[PDB]
Amino acid sequence: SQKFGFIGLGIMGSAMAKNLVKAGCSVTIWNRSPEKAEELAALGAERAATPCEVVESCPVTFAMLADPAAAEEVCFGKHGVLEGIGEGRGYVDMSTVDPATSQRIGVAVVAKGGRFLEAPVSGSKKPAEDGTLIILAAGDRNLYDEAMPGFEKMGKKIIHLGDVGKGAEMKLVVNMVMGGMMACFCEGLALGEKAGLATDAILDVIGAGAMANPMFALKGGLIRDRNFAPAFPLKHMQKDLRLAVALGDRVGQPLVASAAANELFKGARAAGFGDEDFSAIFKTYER
Amino acid sequence: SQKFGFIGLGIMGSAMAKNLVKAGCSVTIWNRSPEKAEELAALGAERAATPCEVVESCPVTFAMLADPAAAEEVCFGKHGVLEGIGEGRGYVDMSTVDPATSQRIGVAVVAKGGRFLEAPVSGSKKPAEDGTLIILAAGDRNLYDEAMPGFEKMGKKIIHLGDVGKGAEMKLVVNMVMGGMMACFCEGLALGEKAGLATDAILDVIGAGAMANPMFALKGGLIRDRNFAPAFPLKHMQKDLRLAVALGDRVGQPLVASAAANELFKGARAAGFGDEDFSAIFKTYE
Amino acid sequence: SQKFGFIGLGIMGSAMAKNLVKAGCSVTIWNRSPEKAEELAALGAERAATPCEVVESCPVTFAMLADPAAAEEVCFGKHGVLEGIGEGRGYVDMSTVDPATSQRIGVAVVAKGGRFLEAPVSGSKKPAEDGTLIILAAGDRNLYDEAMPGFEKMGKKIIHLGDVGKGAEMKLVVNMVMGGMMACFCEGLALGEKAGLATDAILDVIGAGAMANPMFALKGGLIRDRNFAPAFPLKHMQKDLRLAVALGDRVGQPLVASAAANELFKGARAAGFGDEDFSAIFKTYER
Amino acid sequence: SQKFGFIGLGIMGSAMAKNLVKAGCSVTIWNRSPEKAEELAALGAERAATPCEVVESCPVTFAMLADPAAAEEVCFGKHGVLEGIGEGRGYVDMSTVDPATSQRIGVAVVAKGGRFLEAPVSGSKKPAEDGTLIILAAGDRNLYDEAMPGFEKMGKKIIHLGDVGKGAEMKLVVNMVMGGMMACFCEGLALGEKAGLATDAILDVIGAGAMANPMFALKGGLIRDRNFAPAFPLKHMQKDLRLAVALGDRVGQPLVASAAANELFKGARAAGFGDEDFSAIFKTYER
Ligand SMILES: NC(=O)c1ccc[n+]([C@@H]2O[C@H](COP(=O)([O-])OP(=O)(O)OC[C@H]3O[C@@H](n4cnc5c(N)ncnc54)[C@H](OP(=O)(O)O)[C@@H]3O)[C@@H](O)[C@H]2O)c1
Ligand SMILES: NC(=O)c1ccc[n+]([C@@H]2O[C@H](COP(=O)([O-])OP(=O)(O)OC[C@H]3O[C@@H](n4cnc5c(N)ncnc54)[C@H](OP(=O)(O)O)[C@@H]3O)[C@@H](O)[C@H]2O)c1
Ligand SMILES: NC(=O)c1ccc[n+]([C@@H]2O[C@H](COP(=O)([O-])OP(=O)(O)OC[C@H]3O[C@@H](n4cnc5c(N)ncnc54)[C@H](OP(=O)(O)O)[C@@H]3O)[C@@H](O)[C@H]2O)c1
Ligand SMILES: NC(=O)c1ccc[n+]([C@@H]2O[C@H](COP(=O)([O-])OP(=O)(O)OC[C@H]3O[C@@H](n4cnc5c(N)ncnc54)[C@H](OP(=O)(O)O)[C@@H]3O)[C@@H](O)[C@H]2O)c1
């Protein structure tokens with residue numbers, strides 16, 4: 001009987017909101033495109049007209065938006081979060097964004113009388129459905145504690161990393177490694193294909209060794225079957241590497257391999273695989 | 001007892017031969033630098049003076065050498081394997097090498113009337129010691145069978161990938177992926193550090209998600225502790241990336257990311273870390 | 001006598017402003033660090049306390065600032081350009097900046113009653129002293145024409161590329177090539193030296209052939225002299241490549257080589273060479 | 001009057017040999033594909049059956065072959081140079097090859113009692129036709145002096161760089177820079193196009209500044225015209241980059257930018273552009 005607001009109902013946000021509804025929470029919902037909202041309304045969610053409406057009437061609102069532009073627009077725009085937020089009500093942006101953007105939103109939220117937490121996550125569509133996300137929160141400690149029962153229905157591992165920005169930083173670091181791994185993994189599979197190796201043979205050897213991981217296992221088979229249905233949209237992976245490179249720029253860390261990965265994913269977007277899974281980068285190598 | 005030869009007693013070869021001796025094989029050994037052969041001798045292994053002498057004396061001889069140049073010198077060089085091979089005696093080269101190299105060696109061995117099998121391995125120093133290596137054999141099926149009692153004491157998973165060259169291609173492909181992973185893992189750890197995150201915090205997050213793997217777990221802890229004692233020598237990792245990139249060149253596959261990792265490992269070599277663990281590339285981002 | 005304002009007196013701006021004074025113009029100037037104004041001051045230039053003061057009192061003001069942040073500060077900041085412009089007085093920003101910020105600045109200036117023109121330049125310290133800069137202007141065509149007497153004393157080739165943003169786009173494209181050229185040039189020299197080749201011999205062979213250019217001729221000589229006094233500060237070259245990569249991201253162009261150059265220049269900054277000439281990247285390839 | 005052998009009648013060799021024939025030399029020629037000898041044959045050149053036959057009968061023989069594999073097959077193979085050289089007759093290999101290959105050949109040649117000089121060249125099809133090549137010789141000085149009358153009909157600048165290997169190293173260093181700069185140049189034109197800049201405007205701004213060079217000027221025009229008729233075959237550019245990166249590996253020089261260019265040229269080969277001009281790499285940058 002806890003009440004939560006939820007803003008942004010894409011791949012990740014849709015499954016997360018549904019987990020709050022399945023858990024018995026009363027959930028108030030908003031999405032720029034109505035159709036996705038109409039999906040959860042049918043499940044028992046309450047549908048709000050604007051972001052303003054959601055945070056105007058919910059003690060704690062989660063948001064799961066595409067990128068900094070989306071997060072900023074929803075926050076600062078007409079009928080946005082800033083218009084409805086206040087009197088201690090909390091805004092929890094779980095979108096992957098740059099530390100400067102979450103910090104910017106946090107300040108504005110706090111100036112309106114609200115509280116702000118950032119909580120980017122690790123784990124894709126399936127972990128979102130299963131409620132097994134890893135939640136990387138940073139910011140208001142009281143809001144962290146208050147949002148916890150919500151977090152616990154969305155994730156398995158929930159941590160607090162300190163001041164606003166540290167969560168974004170953790171997320172960007174972790175995803176940079178993932179993007180890099182995926183680029184290299186695909187180069188291996190493509191090279192193997194051209195060398196005359198069977199994919200399953202390669203997958204079998206990797207699976208038996210020190211590099212074995214769930215991501216290689218999952219994506220390996222999907223690549224073999226040439227199924228690139230989006231779990232983590234390729235255009236979002238590229239956005240994340242974009243942000244990781246800007247973080248590197250700011251803190252003075254050269255990132256030769258991760259910058260290469262950024263460019264390769266840009267190639268995949270240009271090729272038209274932007275709305276496909278990020279594993280679709282394999283098709284640029286092949287092709 | 002079963003008689004085996006063993007050529008090349010570095011980190012890997014030393015640990016492998018010791019398993020053969022431990023299992024009660026009668027092992028004849030050779031290394032370029034004789035000090036490395038002293039430890040095995042003390043365990044009962046018989047020292048030969050040249051590779052030619054090991055291969056003269058043994059029905060099956062394994063080799064675990066640094067690189068293509070090493071493999072070729074031991075094979076084609078004065079008093080090398082070729083001078084001693086014959087009468088169907090078998091040479092099983094387990095060095096990590098390019099396909100052209102192992103094929104060239106096998107052709108020459110077969111021409112001398114010997115049998116040839118390539119068998120590079122996956123798994124590092126600890127797996128070598130424990131005998132839990134993954135063995136990626138390719139070549140003569142009958143020599144594969146004959147070496148099997150040895151393979152079983154050196155490894156836990158043994159497979160045969162087809163014609164000579166297939167073992168080398170598989171090995172290069174998987175190590176290329178590993179080298180890239182290490183490079184990216186390290187960029188992440190150094191970026192996180194400069195952003196002000198705790199190394200243990202990053203490690204924990206990674207260990208909890210879809211990327212988690214034994215390599216990151218072990219190497220992450222050693223990076224945190226600044227311990228870079230060689231398990232897989234950085235110079236050999238770089239060599240493997242070199243070979244992978246050459247293979248890409250031969251089969252018409254661009255490898256932008258893996259080529260970048262190759263150059264970053266070359267940077268680590270130039271900084272003086274070639275004899276440390278390949279995880280020492282981390283220090284170049286530092 | 002013709003009167004111009006000038007904002008930002010670094011390596012470029014001070015040289016360009018000197019040319020206007022030498023041409024006989026009455027010049028009003030300003031720099032964040034007032035000490036740098038002292039030389040032009042002795043030359044007859046009148047010193048202003050604020051950018052606001054400069055644009056208050058001049059028909060046309062040129063600016064030559066480090067980067068988008070600096071250009072944004074001077075424009076929108078306290079006592080900035082915005083507080084001063086109006087009644088048709090022109091602002092010509094010659095800073096190297098991304099298309100979006102020059103547009104954002106233009107709209108702001110124009111909404112204040114002022115006129116805006118961007119005009120980034122190509123050519124370093126010596127061309128700036130010699131008045132042989134290439135001027136890549138875009139924006140208010142009328143301001144362009146009134147600015148000409150000034151352009152013609154600062155540069156040799158002056159062109160108009162269309163709407164605000166086109167100048168910046170041309171400038172970033174050209175500098176991206178330059179940065180990538182410098183990185184490849186230095187890799188060659190360092191490789192040559194490590195192979196035991198005399199680097200003067202290398203420079204002679206390049207100079208004799210199809211890729212010979214003034215940049216290689218000069219910078220090669222300086223590298224040989226071990227003279228890295230800044231003509232184009234390395235930190236600014238890195239900034240330009242950063243902006244070029246962002247442009248790539250935006251227009252959907254993967255930039256594998258250029259992105260690599262960006263990272264290599266970041267390494268040069270991490271190594272402490274940011275305030276040396278961009279050719280100092282050579283020292284990262286070495287010793 | 002002079003008698004010369006010539007081996008390898010590809011794009012460069014046929015043009016070089018014609019210059020010796022036009023100069024009144026008596027020239028004995030050989031090519032793996034004998035039809036490439038037909039034009040020279042009608043010009044009075046004498047057909048040899050095998051490389052060994054050329055080197056049996058000529059005091060000095062030049063070779064202009066594709067790559068290290070070709071150079072070695074011609075030297076060490078059946079009916080090869082080694083079968084025919086001796087009694088001080090000279091072999092001048094002008095192929096672009098790695099130092100260890102040319103040294104290998106030279107040692108085997110000297111063992112047969114012949115003399116050896118490597119002399120790779122800088123300058124493409126047009127300079128080969130005009131006799132305007134830069135010749136980078138290394139090795140036997142007496143042979144250098146003996147071949148000079150031939151070098152003088154084939155090139156304009158002729159230098160001697162020391163022992164065998166120095167010429168190869170110089171050639172590889174210089175070509176590495178040229179390959180990276182082509183890659184960067186093309187990234188810039190492609191980026192500019194996608195930003196809505198006209199390519200002629202970009203060309204004109206570059207040609208006015210410090211980067212201007214004959215290569216950009218020539219290739220820029222042909223890119224604009226989408227004319228990629230081979231002057232320097234793209235597969236050979238890629239082979240040179242391959243060899244330069246291996247040189248880097250051997251002498252302890254990381255080559256981040258140059259290795260990137262190597263991979264991009266590989267991409268162009270994979271798209272089927274291997275036999276077009278190396279400027280065809282541009283076509284991989286724009287679908
Ligand atoms: N997918 C994953 O595996 C995964 C994992 C961890 C983190 N993330 C992060 O989660 C966030 C969302 O990812 P996703 O995979 O769910 O993305 P998605 O399926 O593409 O959905 C993106 C969401 O953002 C909304 N949006 C975009 N621009 C907007 C704007 N201008 N105004 C209002 N809403 C806007 C979209 O609304 P519409 O429906 O109207 O288009 C949609 O709800 C991203 O930051 C992503 O990086 C994703
Ligand atoms: N270490 C690992 O985790 C790992 C894992 C899988 C595969 N491998 C592969 O296993 C092989 C051996 O690696 P390692 O880790 O054991 O390396 P190592 O400790 O460096 O030993 C390499 C061996 O090669 C020998 N060698 C080098 N050059 C030679 C030459 N010219 N002539 C004769 N012998 C020569 C060395 O002889 P000296 O003792 O006289 O110097 C030594 O016995 C390599 O191909 C490596 O890539 C390594
Ligand atoms: N140098 C070249 O060869 C070259 C060639 C073409 C174009 N450019 C471009 O021209 C522009 C100027 O470069 P430069 O070489 O002259 O650089 P510079 O010597 O380093 O100085 C740049 C100027 O920007 C000012 N500045 C930096 N941050 C500021 C801030 N926050 N608020 C107000 N002013 C600020 C500096 O003021 P202070 O004196 O107080 O530090 C200085 O006046 C840059 O965009 C550069 O990329 C340079
Ligand atoms: N083109 C340029 O702008 C330029 C400039 C400077 C240097 N170079 C270098 O000059 C050399 C010649 O190249 P090119 O431009 O003239 O290329 P090309 O037209 O492709 O000629 C290659 C030559 O090599 C021969 N060849 C290849 N493999 C052979 C083999 N296995 N056995 C015997 N002959 C073999 C070819 O014989 P077939 O006719 O039978 O195929 C042909 O004569 C190359 O090293 C190239 O890198 C080129």
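Letters go in sequence order (proteins before strands), and every chain restarts at 1. Whatever order the structure lists them in is the order used to number ligands and atoms, beginning at 1.
Looking at D:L243 and D:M176, their side chains never come closer than 4.5 Å, going by heavy atoms from C-beta outward. A 4.5 Å side-chain heavy-atom check between D:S279 and D:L222 finds every atom pair outside the cut-off. Side-chain contact between B:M154 and B:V121 is absent, with no heavy-atom pair separated by less than 4.5 Å.
No donor-acceptor pair closer than 3.5 Å links the side chain of C:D277 to the backbone N or O of C:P233.
From C:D98, atom CG reaches atom NZ of C:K239 across 10.0 Å, with rounding to the nearest 0.5 Å.
Ligand 2 is surrounded by B:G8, B:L9, B:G10, B:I11, B:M12, B:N31, B:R32, B:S33, B:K36, B:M64, B:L65, B:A66, B:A70, B:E73, B:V74, B:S95, B:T96, B:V121, B:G123, B:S124, B:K125, B:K171, B:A231, B:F232, B:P233, B:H236, B:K239, each with at least one heavy atom closer than 4.0 Å.
Between B:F6 and B:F62, the ring-plane angle classifies as tilted under the 30° and 60° cut-offs.
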